[PDB]
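Accompanying notes for the structure given below.
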Amino acid sequence: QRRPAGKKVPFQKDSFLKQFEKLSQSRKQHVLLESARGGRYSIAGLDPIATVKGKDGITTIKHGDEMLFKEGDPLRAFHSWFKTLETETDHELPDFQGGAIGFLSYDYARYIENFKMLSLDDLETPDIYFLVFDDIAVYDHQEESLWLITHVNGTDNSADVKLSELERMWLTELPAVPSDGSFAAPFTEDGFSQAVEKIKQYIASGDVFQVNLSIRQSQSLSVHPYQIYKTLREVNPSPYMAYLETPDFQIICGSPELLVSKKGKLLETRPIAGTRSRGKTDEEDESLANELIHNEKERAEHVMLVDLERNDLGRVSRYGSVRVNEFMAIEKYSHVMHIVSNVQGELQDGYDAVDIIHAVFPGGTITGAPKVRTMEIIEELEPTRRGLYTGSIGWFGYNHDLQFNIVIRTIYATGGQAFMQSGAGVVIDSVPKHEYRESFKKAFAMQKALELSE
Ligand SMILES: N[C@@H](Cc1c[nH]c2ccccc12)C(=O)O
């Protein structure tokens, strides 16, 4: 009889964000998924019922005094436990009605494809990490309402008591309250350049069409990570932002990109590929958008990545159900514009959350085409494990819905350092120095956010 029970309250976005900051201060582990520019929902998880950590074939589920552990595919280990908490969808509640919020490391891909063990794991990022929530606050930006949601079995005055405690917590103004390690070096310029030349050799030879090659920069963290998040929200607000805090690492995510969503049977992915800086004039913007959309090399790159996503979603979709409902729109983000497409499919009966992740993860747009060969080349060339970079942050619903971003425009804070990773799409005619500089430019929002925070 397990089901979600929710209360809808009129509420202001800024009240929600301020109350989150105040409440989260007393919580060792918490997460915010924020729609800071576009998007409908912002999701606060304060008090987890469980912590799920998977690394190198071992998964731990910490739930009160109990720590459950099992070997194998960490997501399969997670799913077999998580299935016991499954619920029916309440169509009155938001898309997220309770469940797991966290991340899949890029290195979760090692359970999907056979990877060589070449790149150095110096950050020891979990392969999966989820906070599981019966109790959540979901802000609906479209209805300007706060949903407070709990879970019960059978008993319905049980629900009302818990919802009253959540109301007390969220609708009561909170008092005025007060507020090292050694890692591998970045890819050198010479190292990156020699890797660009190696990728071009593989392209010439017909192994791949395009590879995202990335560089990991780091600075000393001199301010609280949440301050960096608040700055990034100002510098570059995005529809798939996230802040996740634990004692060992914090994540400051400014992603604009959806990897995959599932609402009932409907699967969607939203590949972004092709870019220009916004104009000064908001008419310059029309002409820059017009230039981007008439640019045959950006269109070719975009169509290639849409085909790759069609094939990925096709692996778990009813035959003939995969459609591009939105093909090659320009969408203006805070400081750039992108070519963006929307790819939909109907989930074939018998495929579950793990099957969907195995089909689409990691995203085509941050590896290359074809994906499996591209990941082999990345692993051969990049000196360090990607970890969270080009992984996915999001949620698994108890009702079997899900929603994951792609981790780009993200700072990972651990061991007194802030880590910032960005890449460039290497192609047949790439100039090593151009792609090196292009990866530093992609890191601007994040180094800027850091500098402003002091
Ligand atoms: N933009 C999503 C919610 C969201 C915000 N940040 C996220 C990060 C990851 C996944 C989802 C999200 C929505 O409105 O539906």
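Order of appearance sets the numbers: ligands from 1, and atoms from 1 within every ligand. The first residue of the sequence shown is numbered 1, and numbering continues consecutively from there. Just so you know, these numbers use all the heavy atoms, side chains as well, and skip hydrogens, waters and symmetry mates.
- A salt bridge links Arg386 and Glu382; the closest N-O separation between the charged side-chain nitrogens and carboxylate oxygens is under 4.0 Å.
- Of all protein heavy atoms, the one closest to atom 15 (O) of ligand 1 is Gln403 NE2, 2.8 Å.
- Taking any N or O of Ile43, backbone or side chain, none lies under 3.5 Å from an N or O belonging to ligand 1.
- In terms of protein heavy-atom proximity, atom 12 (C) of ligand 1 is nearest to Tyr240 CD2, 3.7 Å.
- Close contacts of ligand 1 with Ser35, meaning ligand atoms under 4.0 Å from a residue heavy atom, involve 1 (N), 2 (C), 3 (C), 5 (C), 13 (C), 14 (O).
- We find that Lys162 and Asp135 are not joined by a salt bridge, their nearest charged nitrogen and carboxylate oxygen being 4.0 Å or further apart.
- Using a 4.0 Å cut-off between heavy atoms, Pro239 contacts ligand 1 through its backbone alone, with no side-chain atom that close.
- In this structure, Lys371 pairs ionically with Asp312, as a charged nitrogen and a carboxylate oxygen lie closer than 4.0 Å.
- Partner of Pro48 under the side chain to side chain contact (heavy atoms under 4.5 Å, CB included) criterion, chosen from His63, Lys62, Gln29, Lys28: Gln29.
- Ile393 counts as a contact of ligand 1, since one of its heavy atoms falls under 4.0 Å from the ligand.
- For the ring pair (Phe, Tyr, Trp, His ring centres under 6.0 Å) criterion with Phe419, the lone passing option out of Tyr412, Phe183, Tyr389 is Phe183.
- The existence of a salt bridge linking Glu451 and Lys448 is excluded, since no basic side-chain nitrogen approaches an acidic carboxylate oxygen closer than 4.0 Å.
- Only the backbone of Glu34 comes within 4.0 Å of ligand 1, counting heavy atoms alone; no side-chain atom from C-beta on gets that close.
- Looking at ligand 1, you won't find any N or O of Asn405 less than 3.5 Å from one of its N or O atoms.
- Protein heavy atom nearest atom 6 (N) of ligand 1, with residue, atom name and distance: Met241 O, 2.9 Å.
- The contact set between ligand 1 and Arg40, taken as ligand atoms under 4.0 Å from a residue heavy atom, comprises 13 (C), 14 (O).
- Counting protein heavy atoms only, atom 3 (C) of ligand 1 is closest to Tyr41 O, 3.5 Å.
- Within 6.0 Å of CD in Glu454 there are more than 12 heavy atoms belonging to other residues, nucleotides or ligands.
- Ring geometry for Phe249 versus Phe103: interplanar angle over 60°, hence perpendicular rather than tilted (30 to 60°).
- Note: no N/O pair closer than 3.5 Å links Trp395 and ligand 1 by distance alone.
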